[PDB]
$ cat query34.cif   # mmCIF, C-alpha atoms
data_model
loop_
_atom_site.label_atom_id
_atom_site.label_comp_id
_atom_site.auth_asym_id
_atom_site.auth_seq_id
_atom_site.Cartn_x
_atom_site.Cartn_y
_atom_site.Cartn_z
CA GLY A 225 0.00 0.00 0.00
CA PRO A 226 1.79 3.24 1.05
CA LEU A 227 5.52 3.50 2.11
CA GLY A 228 5.56 3.51 5.96
CA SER A 229 5.59 6.69 8.13
CA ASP A 230 8.52 7.82 10.33
CA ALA A 231 6.43 7.02 13.45
CA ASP A 232 5.73 3.56 11.93
CA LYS A 233 9.60 3.09 11.74
CA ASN A 234 10.76 4.53 15.12
CA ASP A 235 9.86 4.29 18.83
CA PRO A 236 11.03 7.14 21.14
CA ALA A 237 12.20 6.25 24.68
CA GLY A 238 10.95 7.90 27.88
CA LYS A 239 13.45 9.25 30.42
CA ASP A 240 12.84 10.71 33.89
CA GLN A 241 14.51 14.07 34.63
CA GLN A 242 14.96 16.09 37.87
CA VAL A 243 14.49 19.90 38.25
CA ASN A 244 14.10 22.51 41.09
CA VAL A 245 11.00 24.43 42.15
CA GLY A 246 10.54 27.24 39.59
CA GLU A 247 12.92 25.65 37.04
CA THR A 248 11.47 24.85 33.59
CA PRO A 249 12.30 21.29 32.30
CA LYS A 250 13.39 20.64 28.68
CA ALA A 251 11.56 17.97 26.59
CA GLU A 252 14.96 16.89 25.14
CA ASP A 253 16.01 15.84 28.67
CA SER A 254 12.89 13.57 28.86
CA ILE A 255 13.92 11.53 25.72
CA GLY A 256 16.72 8.93 25.88
CA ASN A 257 17.20 7.73 22.26
CA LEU A 258 16.92 11.09 20.40
CA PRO A 259 19.90 10.19 18.02
CA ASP A 260 18.21 6.84 17.05
CA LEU A 261 15.24 8.92 15.81
CA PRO A 262 15.54 10.70 12.38
CA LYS A 263 17.47 13.99 11.99
CA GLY A 264 15.01 16.90 12.13
CA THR A 265 12.76 15.15 14.72
CA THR A 266 11.43 17.65 17.28
CA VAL A 267 10.38 17.02 20.88
CA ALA A 268 7.98 19.15 22.99
CA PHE A 269 5.84 18.80 26.12
CA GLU A 270 2.13 18.45 25.28
CA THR A 271 1.32 20.19 28.58
CA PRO A 272 3.93 22.76 29.88
CA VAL A 273 5.17 21.22 33.18
CA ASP A 274 4.09 22.83 36.52
CA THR A 275 7.16 23.40 38.74
CA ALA A 276 5.55 25.81 41.31
CA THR A 277 5.36 22.94 43.91
CA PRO A 278 7.62 19.88 44.64
CA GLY A 279 6.71 16.29 43.69
CA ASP A 280 6.74 13.79 40.79
CA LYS A 281 4.91 15.44 37.83
CA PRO A 282 3.29 13.40 35.01
CA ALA A 283 4.15 14.65 31.48
CA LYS A 284 3.65 13.81 27.78
CA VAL A 285 6.43 14.42 25.23
CA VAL A 286 5.14 14.82 21.63
CA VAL A 287 7.73 13.58 19.09
CA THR A 288 7.14 15.18 15.67
CA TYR A 289 9.01 13.42 12.86
CA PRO A 290 10.21 15.18 9.62
CA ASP A 291 7.27 13.67 7.63
CA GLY A 292 4.67 15.10 10.07
CA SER A 293 3.90 11.76 11.82
CA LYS A 294 3.87 11.98 15.66
CA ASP A 295 4.56 9.77 18.68
CA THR A 296 3.52 10.50 22.32
CA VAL A 297 5.80 9.49 25.23
CA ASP A 298 4.62 9.37 28.89
CA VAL A 299 7.32 10.60 31.34
CA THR A 300 7.79 11.70 35.01
CA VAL A 301 9.43 15.07 35.95
CA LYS A 302 10.84 15.06 39.50
CA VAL A 303 10.40 18.58 41.01
CA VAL A 304 12.43 19.12 44.21
CA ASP A 305 12.62 22.05 46.70
CA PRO A 306 16.31 23.02 47.20
CA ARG A 307 15.33 24.84 50.47
CA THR A 308 14.78 22.46 53.50
CA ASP A 309 11.97 22.87 56.12
CA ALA A 310 14.63 24.36 58.49
CA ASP A 311 15.26 27.05 55.74
CA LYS A 312 11.49 27.48 55.20
CA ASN A 313 10.68 27.94 58.98
CA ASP A 314 11.82 30.00 62.03
CA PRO A 315 10.70 28.58 65.43
CA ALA A 316 9.72 31.28 67.96
CA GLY A 317 11.21 30.23 71.25
CA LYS A 318 9.42 30.99 74.48
CA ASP A 319 10.99 31.21 77.94
CA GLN A 320 8.77 29.20 80.27
CA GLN A 321 8.40 29.28 84.07
CA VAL A 322 8.04 26.15 86.25
CA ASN A 323 8.14 25.35 90.00
CA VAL A 324 10.95 23.33 91.69
CA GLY A 325 10.63 19.62 90.73
CA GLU A 326 8.31 20.27 87.73
CA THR A 327 9.35 18.69 84.42
CA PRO A 328 9.27 21.25 81.54
CA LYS A 329 7.75 20.27 78.15
CA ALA A 330 9.65 21.43 75.01
CA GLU A 331 6.22 22.14 73.39
CA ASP A 332 5.64 24.89 76.01
CA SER A 333 9.09 26.35 75.10
CA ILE A 334 8.02 26.97 71.37
CA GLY A 335 5.16 29.44 70.71
CA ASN A 336 4.56 29.00 66.93
CA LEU A 337 3.99 25.21 66.61
CA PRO A 338 1.08 25.57 64.02
CA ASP A 339 3.30 27.97 61.92
CA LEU A 340 5.72 25.00 61.61
CA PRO A 341 4.90 22.01 59.26
CA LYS A 342 2.43 19.26 60.29
CA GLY A 343 4.48 16.45 61.86
CA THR A 344 7.30 18.65 63.25
CA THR A 345 8.51 17.52 66.73
CA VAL A 346 10.16 19.41 69.62
CA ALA A 347 12.45 18.02 72.40
CA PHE A 348 15.09 19.44 74.75
CA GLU A 349 18.69 18.59 73.77
CA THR A 350 19.49 17.91 77.44
CA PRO A 351 16.82 17.33 80.20
CA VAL A 352 16.25 20.50 82.31
CA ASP A 353 17.35 20.42 86.00
CA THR A 354 14.50 21.78 88.17
CA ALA A 355 15.67 20.50 91.62
CA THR A 356 16.76 24.08 92.55
CA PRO A 357 15.32 27.56 91.62
CA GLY A 358 16.92 29.82 88.98
CA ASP A 359 17.23 30.56 85.24
CA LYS A 360 18.20 27.29 83.48
CA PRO A 361 19.57 27.61 79.90
CA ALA A 362 18.13 25.04 77.47
CA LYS A 363 18.07 24.09 73.77
CA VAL A 364 14.91 22.95 71.99
CA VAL A 365 15.64 20.67 68.99
CA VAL A 366 13.02 21.24 66.27
CA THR A 367 12.84 18.13 64.02
CA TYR A 368 11.01 18.93 60.77
CA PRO A 369 9.01 16.37 58.62
CA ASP A 370 11.73 16.49 55.85
CA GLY A 371 14.37 15.35 58.41
CA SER A 372 16.01 18.82 58.75
CA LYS A 373 16.56 20.39 62.20
CA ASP A 374 16.64 23.81 63.81
CA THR A 375 17.92 24.48 67.35
CA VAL A 376 16.35 27.17 69.61
CA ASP A 377 18.10 28.59 72.72
CA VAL A 378 15.59 29.21 75.58
CA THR A 379 15.57 29.84 79.38
CA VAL A 380 13.53 27.75 81.83
CA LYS A 381 12.89 29.90 84.92
CA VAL A 382 12.59 27.68 88.04
CA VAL A 383 10.72 29.22 91.00
CA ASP A 384 10.23 28.31 94.68
CA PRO A 385 6.43 28.52 95.38
CA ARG A 386 6.99 29.33 99.08
CA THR A 387 8.60 32.75 98.21
#
$ encode --input "query34.cif" --output "structure tokens"
Amino acid sequence: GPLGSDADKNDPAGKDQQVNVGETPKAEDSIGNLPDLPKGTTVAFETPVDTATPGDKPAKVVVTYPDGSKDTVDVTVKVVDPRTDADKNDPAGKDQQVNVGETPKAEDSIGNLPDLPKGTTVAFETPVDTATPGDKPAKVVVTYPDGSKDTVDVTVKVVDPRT
């Protein structure tokens, strides 16, 4: 019947690429075997890739051959945030007051817990000594959901209730 099309002859290969938040990915970087394909073959994303948020993005690369025939390739574009949760957040430390013998909670030594990501945890680097009154220096370790950590310097004021 007719002589075959360029798409009838070739099969383009999908390739996963990695980019940063705000970076625009190139279709060429999503195709492995571009030299196996004919000279003059162009590659483009069917849908311009969204890189405003991190995460694995689904994409379609349209392969237009010199004769006009086209092939569609399904790929994944890995979008990553170069800035960690520790870069994206600033914990507001609070100096807390307790009585002699009371155990202080690290939660009560950080005032902006909801401003921090969901799943973030707070603990004292070293347990606070409350056996005697006075201003006890402490460090609250803020462990973010991405694994990153911030460290806040606070004061635990220990008071004698019979004074």
$ residues_near_point --input "query34.cif" --point "(14.6, 22.0, 54.6)" --cutoff "9 Å" --atoms "only C-alpha atoms" --output "PyMOL selection string"
chain A and resi 305-313+368-373
$ closest_residue --input "query34.cif" --among "A:356, A:366, A:231, A:263" --to "residue 340 of chain A" --atoms "all atoms listed in the file"
A:366
$ atom_distance --input "query34.cif" --atom1 "atom CA of residue 250 of chain A" --atom2 "atom CA of residue 279 of chain A"
17.0 Å
$ closest_residue --input "query34.cif" --among "A:324, A:267, A:334, A:304" --to "residue 288 of chain A" --atoms "all atoms listed in the file"
A:267
$ atom_distance --input "query34.cif" --atom1 "atom CA of residue 228 of chain A" --atom2 "atom CA of residue 258 of chain A"
19.9 Å
$ closest_residue --input "query34.cif" --among "A:300, A:336, A:275, A:323" --to "residue 245 of chain A" --atoms "all atoms listed in the file"
A:275
$ resolve_selection --input "query34.cif" --expression "the PyMOL selection byres ((chain A and resi 329) around 9)" --output "number ranges by chain"
A: 327-328, 330-333, 346-348
$ atom_distance --input "query34.cif" --atom1 "atom CA of residue 364 of chain A" --atom2 "atom CA of residue 317 of chain A"
8.2 Å
$ resolve_selection --input "query34.cif" --expression "the PyMOL selection byres ((chain A and resi 240) around 6)" --output "number ranges by chain"
A: 239, 241, 254, 300-301
$ residues_around --input "query34.cif" --residues "residue 246 of chain A" --least-positions-apart "6" --cutoff "9 Å" --atoms "only C-alpha atoms" --output "PyMOL selection string"
chain A and resi 274-277+303
$ resolve_selection --input "query34.cif" --expression "the PyMOL selection byres ((chain A and resi 238) around 10)" --output "list in words"
residues 235, 236, 237, 239, 240, 241, 253, 254, 255, 256, 257, 284, 285, 296, 297, 298, 299 and 300 of chain A
$ residues_near_point --input "query34.cif" --point "(5.5, 7.2, 4.0)" --cutoff "12 Å" --atoms "only C-alpha atoms" --output "list in words"
residues 225, 226, 227, 228, 229, 230, 231, 232, 233, 289, 290, 291, 292 and 293 of chain A
$ closest_residue --input "query34.cif" --among "A:342, A:242, A:315, A:325" --to "residue 384 of chain A" --atoms "all atoms listed in the file"
A:325
$ residues_around --input "query34.cif" --residues "residue 272 of chain A" --least-positions-apart "3" --cutoff "9 Å" --atoms "all atoms listed in the file" --output "PyMOL selection string"
chain A and resi 248-249+268-269+283
$ closest_residue --input "query34.cif" --among "A:362, A:322, A:376, A:352" --to "residue 335 of chain A" --atoms "all atoms listed in the file"
A:376
$ decode --input "query34.cif" --residues "segment 245-365 of chain A" --atoms "C-alpha atoms" --output "mmCIF file, in the first residue's frame"
data_model
loop_
_atom_site.group_PDB
_atom_site.id
_atom_site.type_symbol
_atom_site.label_atom_id
_atom_site.label_comp_id
_atom_site.auth_asym_id
_atom_site.auth_seq_id
_atom_site.Cartn_x
_atom_site.Cartn_y
_atom_site.Cartn_z
ATOM 1 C CA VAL A 245 10.997 24.430 42.146
ATOM 2 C CA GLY A 246 10.542 27.239 39.594
ATOM 3 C CA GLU A 247 12.924 25.649 37.041
ATOM 4 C CA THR A 248 11.469 24.851 33.588
ATOM 5 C CA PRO A 249 12.298 21.289 32.296
ATOM 6 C CA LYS A 250 13.394 20.635 28.681
ATOM 7 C CA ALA A 251 11.556 17.969 26.587
ATOM 8 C CA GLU A 252 14.955 16.887 25.140
ATOM 9 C CA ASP A 253 16.007 15.844 28.673
ATOM 10 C CA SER A 254 12.892 13.569 28.860
ATOM 11 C CA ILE A 255 13.921 11.527 25.725
ATOM 12 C CA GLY A 256 16.716 8.931 25.876
ATOM 13 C CA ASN A 257 17.204 7.733 22.264
ATOM 14 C CA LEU A 258 16.922 11.092 20.404
ATOM 15 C CA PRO A 259 19.902 10.195 18.024
ATOM 16 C CA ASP A 260 18.206 6.841 17.049
ATOM 17 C CA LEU A 261 15.239 8.921 15.806
ATOM 18 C CA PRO A 262 15.539 10.704 12.376
ATOM 19 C CA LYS A 263 17.470 13.988 11.986
ATOM 20 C CA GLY A 264 15.014 16.905 12.132
ATOM 21 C CA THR A 265 12.761 15.153 14.722
ATOM 22 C CA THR A 266 11.432 17.654 17.277
ATOM 23 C CA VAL A 267 10.377 17.016 20.879
ATOM 24 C CA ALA A 268 7.985 19.149 22.995
ATOM 25 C CA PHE A 269 5.843 18.801 26.123
ATOM 26 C CA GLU A 270 2.130 18.447 25.276
ATOM 27 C CA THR A 271 1.324 20.190 28.576
ATOM 28 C CA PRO A 272 3.934 22.759 29.877
ATOM 29 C CA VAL A 273 5.173 21.218 33.177
ATOM 30 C CA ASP A 274 4.093 22.833 36.519
ATOM 31 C CA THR A 275 7.158 23.403 38.742
ATOM 32 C CA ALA A 276 5.551 25.809 41.308
ATOM 33 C CA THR A 277 5.359 22.936 43.909
ATOM 34 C CA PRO A 278 7.617 19.878 44.637
ATOM 35 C CA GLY A 279 6.714 16.288 43.690
ATOM 36 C CA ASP A 280 6.741 13.788 40.785
ATOM 37 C CA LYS A 281 4.909 15.441 37.831
ATOM 38 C CA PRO A 282 3.288 13.396 35.008
ATOM 39 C CA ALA A 283 4.153 14.650 31.476
ATOM 40 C CA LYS A 284 3.652 13.812 27.779
ATOM 41 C CA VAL A 285 6.428 14.416 25.227
ATOM 42 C CA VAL A 286 5.143 14.821 21.627
ATOM 43 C CA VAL A 287 7.727 13.581 19.094
ATOM 44 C CA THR A 288 7.138 15.176 15.669
ATOM 45 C CA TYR A 289 9.010 13.418 12.856
ATOM 46 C CA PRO A 290 10.208 15.182 9.623
ATOM 47 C CA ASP A 291 7.270 13.674 7.629
ATOM 48 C CA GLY A 292 4.674 15.099 10.068
ATOM 49 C CA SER A 293 3.899 11.762 11.825
ATOM 50 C CA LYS A 294 3.872 11.983 15.656
ATOM 51 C CA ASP A 295 4.559 9.772 18.680
ATOM 52 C CA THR A 296 3.518 10.501 22.324
ATOM 53 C CA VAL A 297 5.801 9.492 25.233
ATOM 54 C CA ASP A 298 4.624 9.366 28.889
ATOM 55 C CA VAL A 299 7.321 10.599 31.343
ATOM 56 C CA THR A 300 7.789 11.702 35.012
ATOM 57 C CA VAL A 301 9.426 15.066 35.947
ATOM 58 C CA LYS A 302 10.837 15.064 39.497
ATOM 59 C CA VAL A 303 10.402 18.579 41.007
ATOM 60 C CA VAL A 304 12.432 19.119 44.214
ATOM 61 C CA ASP A 305 12.620 22.052 46.702
ATOM 62 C CA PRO A 306 16.310 23.021 47.197
ATOM 63 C CA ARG A 307 15.330 24.836 50.470
ATOM 64 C CA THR A 308 14.775 22.463 53.503
ATOM 65 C CA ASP A 309 11.965 22.869 56.121
ATOM 66 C CA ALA A 310 14.631 24.359 58.487
ATOM 67 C CA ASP A 311 15.260 27.046 55.735
ATOM 68 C CA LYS A 312 11.488 27.483 55.202
ATOM 69 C CA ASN A 313 10.681 27.943 58.979
ATOM 70 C CA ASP A 314 11.817 29.998 62.032
ATOM 71 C CA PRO A 315 10.697 28.579 65.427
ATOM 72 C CA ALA A 316 9.715 31.284 67.957
ATOM 73 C CA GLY A 317 11.208 30.229 71.247
ATOM 74 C CA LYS A 318 9.422 30.992 74.485
ATOM 75 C CA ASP A 319 10.994 31.209 77.936
ATOM 76 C CA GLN A 320 8.769 29.196 80.272
ATOM 77 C CA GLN A 321 8.396 29.282 84.068
ATOM 78 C CA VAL A 322 8.035 26.154 86.247
ATOM 79 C CA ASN A 323 8.136 25.351 90.000
ATOM 80 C CA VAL A 324 10.946 23.332 91.690
ATOM 81 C CA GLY A 325 10.634 19.616 90.733
ATOM 82 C CA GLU A 326 8.314 20.268 87.733
ATOM 83 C CA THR A 327 9.353 18.690 84.416
ATOM 84 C CA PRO A 328 9.266 21.246 81.535
ATOM 85 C CA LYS A 329 7.747 20.272 78.155
ATOM 86 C CA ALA A 330 9.652 21.432 75.011
ATOM 87 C CA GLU A 331 6.217 22.136 73.392
ATOM 88 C CA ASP A 332 5.640 24.886 76.013
ATOM 89 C CA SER A 333 9.092 26.349 75.096
ATOM 90 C CA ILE A 334 8.017 26.967 71.366
ATOM 91 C CA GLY A 335 5.158 29.437 70.713
ATOM 92 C CA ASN A 336 4.555 29.004 66.932
ATOM 93 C CA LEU A 337 3.986 25.206 66.607
ATOM 94 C CA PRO A 338 1.077 25.571 64.022
ATOM 95 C CA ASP A 339 3.296 27.970 61.923
ATOM 96 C CA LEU A 340 5.720 24.997 61.608
ATOM 97 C CA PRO A 341 4.898 22.013 59.258
ATOM 98 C CA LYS A 342 2.426 19.259 60.286
ATOM 99 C CA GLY A 343 4.480 16.452 61.858
ATOM 100 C CA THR A 344 7.302 18.655 63.248
ATOM 101 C CA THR A 345 8.507 17.518 66.732
ATOM 102 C CA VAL A 346 10.161 19.408 69.618
ATOM 103 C CA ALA A 347 12.450 18.021 72.400
ATOM 104 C CA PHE A 348 15.092 19.440 74.748
ATOM 105 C CA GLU A 349 18.693 18.595 73.770
ATOM 106 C CA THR A 350 19.488 17.911 77.438
ATOM 107 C CA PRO A 351 16.822 17.334 80.199
ATOM 108 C CA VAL A 352 16.254 20.500 82.306
ATOM 109 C CA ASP A 353 17.353 20.422 86.001
ATOM 110 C CA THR A 354 14.501 21.783 88.174
ATOM 111 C CA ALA A 355 15.669 20.501 91.617
ATOM 112 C CA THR A 356 16.765 24.083 92.547
ATOM 113 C CA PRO A 357 15.322 27.559 91.618
ATOM 114 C CA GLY A 358 16.919 29.816 88.976
ATOM 115 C CA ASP A 359 17.230 30.561 85.238
ATOM 116 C CA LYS A 360 18.195 27.288 83.483
ATOM 117 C CA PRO A 361 19.573 27.612 79.902
ATOM 118 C CA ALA A 362 18.126 25.039 77.468
ATOM 119 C CA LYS A 363 18.075 24.085 73.773
ATOM 120 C CA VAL A 364 14.907 22.954 71.988
ATOM 121 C CA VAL A 365 15.643 20.675 68.992
#
